[PDB]
Amino acid sequence: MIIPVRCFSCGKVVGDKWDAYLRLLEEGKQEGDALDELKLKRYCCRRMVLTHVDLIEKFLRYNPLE
Amino acid sequence: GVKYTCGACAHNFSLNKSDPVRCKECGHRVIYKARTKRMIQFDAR
Amino acid sequence: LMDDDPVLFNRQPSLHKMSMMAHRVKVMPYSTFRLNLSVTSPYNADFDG
Amino acid sequence: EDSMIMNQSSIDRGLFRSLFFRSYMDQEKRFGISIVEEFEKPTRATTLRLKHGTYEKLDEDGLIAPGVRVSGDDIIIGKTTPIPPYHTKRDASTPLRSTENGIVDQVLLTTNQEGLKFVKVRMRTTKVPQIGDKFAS
Amino acid sequence: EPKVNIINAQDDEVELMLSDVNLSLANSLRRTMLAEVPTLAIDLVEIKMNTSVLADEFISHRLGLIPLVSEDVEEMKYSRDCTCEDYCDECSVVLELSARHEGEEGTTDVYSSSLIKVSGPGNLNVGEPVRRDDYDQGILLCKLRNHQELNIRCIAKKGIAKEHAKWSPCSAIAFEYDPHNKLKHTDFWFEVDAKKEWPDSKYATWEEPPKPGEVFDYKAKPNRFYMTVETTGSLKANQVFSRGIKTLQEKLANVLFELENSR
Amino acid sequence: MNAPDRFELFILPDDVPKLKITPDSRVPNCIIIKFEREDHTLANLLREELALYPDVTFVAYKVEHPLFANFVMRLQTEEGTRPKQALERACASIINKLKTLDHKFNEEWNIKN
Amino acid sequence: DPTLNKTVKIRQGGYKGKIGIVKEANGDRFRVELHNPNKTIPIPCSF
RNA sequence: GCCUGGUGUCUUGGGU
Ligand SMILES: [Zn+2]
Ligand SMILES: [Zn+2]
Ligand SMILES: [Zn+2]
């Protein structure tokens, strides 16, 4: 829905790295390299950012109910 | 008496049940109750 | 209901007499019934739902 | 025998947690020319065969407001029906399902095709994985 | 007799070698740092207004996971042990957040840096949401569009990870020993040749391989334990190792007290 | 609905002793120690320490059910020594080793600062 | 009893600071329907 | 000042 605050498996904070990850993809870096630059070395942390799906951008389009 | 909200134009107003169910501003016939006065607490777990 | 009360325990379909055996209660937290694993066979029970 | 051990700390950080929503619908029925049911908070003095649960979460319009936590058998929509031939009405209210709890999220008020009043109450709660819940690859 | 040799160090992780101790002590230190080192974390959220698209307890759930500076937490009491009526300045930190989007276009992103400390046990350095730099906005909490508002009041309390994982000061704890398997505690799975098919430990060059002739030392014990303690920034890495040892001491001390009082 | 309070793992009820010693009169000089609101964390630490002492002839523990934070330890010593005293000795040894260990880490830490 | 169904805050114990509603007040031991987890607790009146 | 009643008949989709 929105990027999780913590990695489920190990607990390292990953909720402050989502914006940095999208910017790196505009500059043409590949997904593996972008994660490497952010120092997410264990693959438990990598799944969190690599496989998250950002649905909140879709829910905000529905014109507020007040 | 009781706060409501217009489903189209979001104007707030009250109704003392016997009034017809519509928005005064646009005539929209779908309306919603506003939230309680009481404070809500959650344990953040 | 309290510890060591006997109760009759049963899984459908009751195909033979060891589908209904008496167990001793042990009260525990959480909402599932607990069985020692060696009785799964006569009930033809498993824990997939 | 096909069970599985789950990491409790993973559950704490949000693994497999989910929202659950239930909606209740009710409307006023017509029994005669001017004989209609009426949404209200029923007074114990004037209405017979009241439910055993609490009525103290209803507002004066007969409807509960969003943000209030509810538990089983609490009344969330008060409605009465008059008794044919004071002390003339009978309760026709809707209680929350006995096995549930949560927070009232949103209350729709409108009218139906026949022109009588019509409400929907959506309740939300959060279900946290626990012993006994089912999972599959 | 216990010896320590720090291989690397920085603010939020310490890599170190631990030696001349028993396996059980290295493991109990691992468990204590994960589970019993106290920290500070949000534990009560009063929502006065939330007209965002996220559900109330969803936002509250994210708040609990925000790491807070917990440096001076040892002088702070547990809420359950305080003699006062409701909360006060000695057992809780109060935080407040208020965001809003004016304008019909664009999105206002609500970040953890908008959490404002309002009170707290002065002048102890506790309760600020951890930041990497000064220009770092921090952790994403919510997103707002035109007219949507979020105004919440958060109560942070002292707790331990046994109760809920949000109070844990560590993340992972890397931990290994005997990189060449001289003790024979594992029996390697292989298809053809065990040595070629199993990768080397990242500490393979810190100990010497077994000689091709060498007989099995059935008296050798595990003796060197390499571990790396990463933290979330709620506590500095050196504090976690120190307070892990300290906490484990009082627990053993409490056991020792009870024996000399039961007679 | 039937989940117990998580704080019950470490908070002791007022009518419940943290520690309970009973005899095992079936063999000479053997006690059963029941530890309340504790884990493998404490138990494994004490157990290995005790096993290296020459006058401890038997030491063991079990966590009978993970849903209840307790464990029970069995300790038998030879005729000379009293088991309960030996347990105190094991405790003080480990407190000392951890005090030393904390000191040596602090020293090494400033050098890398 | 005059305090049933009225909102309450708990000032001592492990549930200190939490909102609730008095569900049942038979005597000395109250039943508060806590808001925060979906549980109704037995609690003494001093609290 | 104790007692305290809320439907049925189907159909459809599911679980073992
Ligand atoms: Zn991870
Ligand atoms: Zn309108
Ligand atoms: Zn206090």
# chains A, B, ... in the order shown; residues from 1 in each chain; ligands from 1
$ residues_around --residues "stretch 22-30 of chain B" --least-positions-apart "4" --cutoff "6 Å" --atoms "only C-alpha atoms (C1' of nucleotides)" --output "PyMOL selection string"
(chain B and resi 6-7) or (chain D and resi 110)
$ residues_near_ligand --ligand "ligand 1" --cutoff "12 Å" --atoms "only C-alpha atoms (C1' of nucleotides) and all ligand atoms" --output "JSON, numbers by chain"
{"A": [4, 5, 6, 7, 8, 9, 10, 11, 12, 13, 14, 15, 35, 39, 40, 41, 42, 43, 44, 45, 46, 47, 48, 49, 50], "D": [10, 13], "E": [171, 172, 173, 230]}
$ write_last_selection --atoms "C-alpha atoms" --output "PDB file, in the first residue's frame"
ATOM      1  CA  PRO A   4       6.790  -0.664   5.045  1.00  0.00           C
ATOM      2  CA  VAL A   5       8.703   0.987   7.851  1.00  0.00           C
ATOM      3  CA  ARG A   6      10.740  -2.125   8.666  1.00  0.00           C
ATOM      4  CA  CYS A   7      11.958  -5.195   6.842  1.00  0.00           C
ATOM      5  CA  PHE A   8       9.659  -7.978   8.031  1.00  0.00           C
ATOM      6  CA  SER A   9      12.394 -10.577   8.470  1.00  0.00           C
ATOM      7  CA  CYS A  10      15.301  -8.733  10.102  1.00  0.00           C
ATOM      8  CA  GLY A  11      13.963  -5.360  11.225  1.00  0.00           C
ATOM      9  CA  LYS A  12      16.338  -2.952   9.434  1.00  0.00           C
ATOM     10  CA  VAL A  13      14.584   0.337   8.685  1.00  0.00           C
ATOM     11  CA  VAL A  14      13.703   0.598   4.996  1.00  0.00           C
ATOM     12  CA  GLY A  15      10.915   3.137   5.084  1.00  0.00           C
ATOM     13  CA  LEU A  35      19.800  -1.540  -3.982  1.00  0.00           C
ATOM     14  CA  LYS A  39      23.587  -0.533   1.309  1.00  0.00           C
ATOM     15  CA  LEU A  40      20.752  -3.084   1.473  1.00  0.00           C
ATOM     16  CA  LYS A  41      23.020  -6.098   1.475  1.00  0.00           C
ATOM     17  CA  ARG A  42      20.985  -8.956   2.978  1.00  0.00           C
ATOM     18  CA  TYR A  43      18.372 -10.303   0.596  1.00  0.00           C
ATOM     19  CA  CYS A  44      15.634 -10.062   3.238  1.00  0.00           C
ATOM     20  CA  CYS A  45      15.927  -6.270   3.041  1.00  0.00           C
ATOM     21  CA  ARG A  46      16.170  -6.326  -0.766  1.00  0.00           C
ATOM     22  CA  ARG A  47      12.800  -8.068  -1.284  1.00  0.00           C
ATOM     23  CA  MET A  48      11.091  -5.238   0.666  1.00  0.00           C
ATOM     24  CA  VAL A  49      12.098  -2.501  -1.732  1.00  0.00           C
ATOM     25  CA  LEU A  50      12.345  -4.513  -4.959  1.00  0.00           C
TER      26      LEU A  50
ATOM     27  CA  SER D  10       7.576 -10.544  11.649  1.00  0.00           C
ATOM     28  CA  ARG D  13       6.162  -5.540  12.045  1.00  0.00           C
TER      29      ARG D  13
ATOM     30  CA  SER E 171      18.133  -5.375  13.480  1.00  0.00           C
ATOM     31  CA  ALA E 172      20.044  -8.435  12.375  1.00  0.00           C
ATOM     32  CA  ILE E 173      22.864  -9.865  14.447  1.00  0.00           C
ATOM     33  CA  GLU E 230      23.645  -3.552  13.644  1.00  0.00           C
TER      34      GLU E 230
END
$ select_by_dssp --residues "chain C" --states "helix (DSSP H, G or I)" --output "JSON, numbers by chain"
{"C": [17, 18, 19, 37, 38, 39, 40, 41, 42, 43]}
$ closest_atom_pairs --of "chain C" --to "chain F" --cutoff "6 Å" --atoms "only C-alpha atoms" --output "tab-separated table"
residue	atom	partner	partner_atom	distance
C:29	CA	F:2	CA	5.6
C:30	CA	F:2	CA	4.6
C:31	CA	F:2	CA	5.9
$ write_last_selection --atoms "N, CA and C atoms" --output "short mmCIF file (atom, residue, chain, number, x, y, z; two decimals), in the first residue's frame"
data_model
loop_
_atom_site.label_atom_id
_atom_site.label_comp_id
_atom_site.auth_asym_id
_atom_site.auth_seq_id
_atom_site.Cartn_x
_atom_site.Cartn_y
_atom_site.Cartn_z
N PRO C 29 -3.92 -21.07 26.58
CA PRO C 29 -4.25 -19.89 25.76
C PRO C 29 -4.33 -20.24 24.28
N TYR C 30 -4.81 -19.27 23.48
CA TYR C 30 -4.99 -19.40 22.02
C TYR C 30 -6.14 -20.33 21.67
N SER C 31 -6.69 -20.21 20.47
CA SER C 31 -8.05 -20.63 20.18
C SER C 31 -8.17 -21.95 19.42
#
$ interface_residues --of "chain E" --to "chain F" --cutoff "7 Å" --atoms "only C-alpha atoms" --output "list in words"
residues 2, 3, 4, 24, 25, 28, 31, 163, 242, 245, 249, 252 and 256 of chain E
$ write_last_selection --atoms "C-alpha atoms" --output "CSV table (one decimal), in the first residue's frame"
chain,number,residue,atom,x,y,z
E,2,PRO,CA,37.5,-12.9,28.2
E,3,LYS,CA,39.1,-10.9,25.3
E,4,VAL,CA,37.6,-8.7,22.6
E,24,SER,CA,26.3,-20.3,25.8
E,25,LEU,CA,27.6,-16.8,26.9
E,28,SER,CA,22.9,-15.3,25.6
E,31,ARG,CA,19.6,-13.0,22.6
E,163,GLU,CA,6.4,-7.4,24.6
E,242,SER,CA,27.4,-2.3,26.9
E,245,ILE,CA,26.0,-6.9,29.3
E,249,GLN,CA,24.1,-8.7,35.0
E,252,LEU,CA,21.7,-12.9,37.3
E,256,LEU,CA,21.4,-14.4,43.4
$ residues_around --residues "residue C:1" --least-positions-apart "5" --cutoff "12 Å" --atoms "only C-alpha atoms (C1' of nucleotides)" --output "short mmCIF file (atom, residue, chain, number, x, y, z; two decimals) with N, CA and C atoms, in the first residue's frame"
data_model
loop_
_atom_site.label_atom_id
_atom_site.label_comp_id
_atom_site.auth_asym_id
_atom_site.auth_seq_id
_atom_site.Cartn_x
_atom_site.Cartn_y
_atom_site.Cartn_z
N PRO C 6 -12.72 -35.32 32.02
CA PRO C 6 -12.83 -36.06 30.76
C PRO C 6 -13.87 -35.45 29.83
N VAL C 7 -13.55 -35.40 28.54
CA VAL C 7 -14.47 -34.94 27.51
C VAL C 7 -14.35 -35.87 26.32
N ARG C 24 -8.42 -36.12 28.37
CA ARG C 24 -8.33 -35.23 29.53
C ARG C 24 -8.04 -33.79 29.13
N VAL C 25 -8.90 -32.86 29.55
CA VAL C 25 -8.73 -31.43 29.27
C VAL C 25 -7.44 -30.89 29.88
N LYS C 26 -6.71 -30.07 29.13
CA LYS C 26 -5.74 -29.12 29.68
C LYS C 26 -6.03 -27.73 29.13
N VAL C 27 -6.41 -26.80 30.00
CA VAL C 27 -6.76 -25.45 29.57
C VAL C 27 -5.50 -24.66 29.21
N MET C 28 -5.53 -23.97 28.07
CA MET C 28 -4.38 -23.34 27.43
C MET C 28 -4.82 -22.04 26.75
#
$ closest_residue --among "A:65, A:2, A:60, A:22" --to "ligand 2" --atoms "only C-alpha atoms and all ligand atoms"
A:65
$ interface_residues --of "chain B" --to "chain G" --cutoff "10 Å" --atoms "only C-alpha atoms" --output "ChimeraX atom specification"
/B:38-45
$ write_last_selection --atoms "N, CA, C and O atoms" --output "compact mmCIF listing (two decimals), in the first residue's frame"
# COMPACT_ATOMS: atom_id res chain seq x y z
N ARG B 38 -15.99 12.27 20.46
CA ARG B 38 -15.09 11.60 21.39
C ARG B 38 -13.71 11.37 20.79
O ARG B 38 -13.54 11.19 19.58
N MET B 39 -12.71 11.38 21.66
CA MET B 39 -11.35 11.01 21.28
C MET B 39 -11.21 9.51 21.09
O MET B 39 -11.79 8.71 21.84
N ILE B 40 -10.44 9.12 20.08
CA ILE B 40 -10.14 7.74 19.74
C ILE B 40 -8.67 7.46 20.01
O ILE B 40 -7.80 8.23 19.59
N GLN B 41 -8.39 6.35 20.70
CA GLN B 41 -7.02 5.93 21.01
C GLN B 41 -6.68 4.59 20.38
O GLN B 41 -7.50 3.67 20.39
N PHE B 42 -5.46 4.46 19.87
CA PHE B 42 -4.99 3.19 19.35
C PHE B 42 -3.61 2.88 19.91
O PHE B 42 -2.82 3.79 20.17
N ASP B 43 -3.32 1.59 20.10
CA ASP B 43 -2.12 1.16 20.80
C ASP B 43 -0.89 1.08 19.93
O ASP B 43 0.18 0.76 20.46
N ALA B 44 -1.02 1.36 18.63
CA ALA B 44 0.10 1.39 17.69
C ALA B 44 0.86 0.07 17.66
O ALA B 44 2.08 0.04 17.59
N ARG B 45 0.12 -1.03 17.79
CA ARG B 45 0.71 -2.36 17.72
C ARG B 45 0.13 -3.13 16.54
O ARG B 45 -0.77 -2.65 15.86
$ interface_residues --of "chain C" --to "chain H" --cutoff "12 Å" --atoms "only C-alpha atoms (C1' of nucleotides)" --output "list in words"
residues 11, 12, 13, 44, 45, 46, 47, 48 and 49 of chain C
$ write_last_selection --atoms "N, CA and C atoms" --output "PDB file, in the first residue's frame"
ATOM      1  N   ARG C  11     -14.138 -36.283  15.428  1.00  0.00           N
ATOM      2  CA  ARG C  11     -14.046 -35.684  14.100  1.00  0.00           C
ATOM      3  C   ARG C  11     -14.957 -36.398  13.120  1.00  0.00           C
ATOM      4  N   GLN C  12     -15.754 -35.637  12.378  1.00  0.00           N
ATOM      5  CA  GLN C  12     -16.543 -36.203  11.298  1.00  0.00           C
ATOM      6  C   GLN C  12     -15.724 -36.389  10.027  1.00  0.00           C
ATOM      7  N   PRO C  13     -16.020 -37.427   9.217  1.00  0.00           N
ATOM      8  CA  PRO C  13     -17.033 -38.475   9.350  1.00  0.00           C
ATOM      9  C   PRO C  13     -16.591 -39.588  10.309  1.00  0.00           C
ATOM     10  N   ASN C  44      -7.921 -39.857  11.424  1.00  0.00           N
ATOM     11  CA  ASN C  44      -7.559 -39.451  10.064  1.00  0.00           C
ATOM     12  C   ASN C  44      -7.568 -37.926   9.942  1.00  0.00           C
ATOM     13  N   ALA C  45      -7.083 -37.286  10.995  1.00  0.00           N
ATOM     14  CA  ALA C  45      -6.993 -35.849  11.134  1.00  0.00           C
ATOM     15  C   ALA C  45      -5.643 -35.363  10.643  1.00  0.00           C
ATOM     16  N   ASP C  46      -5.629 -34.148  10.123  1.00  0.00           N
ATOM     17  CA  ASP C  46      -4.395 -33.403   9.988  1.00  0.00           C
ATOM     18  C   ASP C  46      -4.723 -31.947  10.267  1.00  0.00           C
ATOM     19  N   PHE C  47      -3.780 -31.057  10.023  1.00  0.00           N
ATOM     20  CA  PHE C  47      -3.898 -29.697  10.511  1.00  0.00           C
ATOM     21  C   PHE C  47      -3.876 -28.734   9.349  1.00  0.00           C
ATOM     22  N   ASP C  48      -4.566 -29.099   8.278  1.00  0.00           N
ATOM     23  CA  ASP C  48      -4.669 -28.239   7.117  1.00  0.00           C
ATOM     24  C   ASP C  48      -5.979 -27.474   7.067  1.00  0.00           C
ATOM     25  N   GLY C  49      -6.639 -27.294   8.205  1.00  0.00           N
ATOM     26  CA  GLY C  49      -7.950 -26.678   8.232  1.00  0.00           C
ATOM     27  C   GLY C  49      -9.058 -27.487   8.860  1.00  0.00           C
TER      28      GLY C  49
END
$ interface_residues --of "chain E" --to "chain A" --cutoff "10 Å" --atoms "only C-alpha atoms" --output "count of residues only"
41
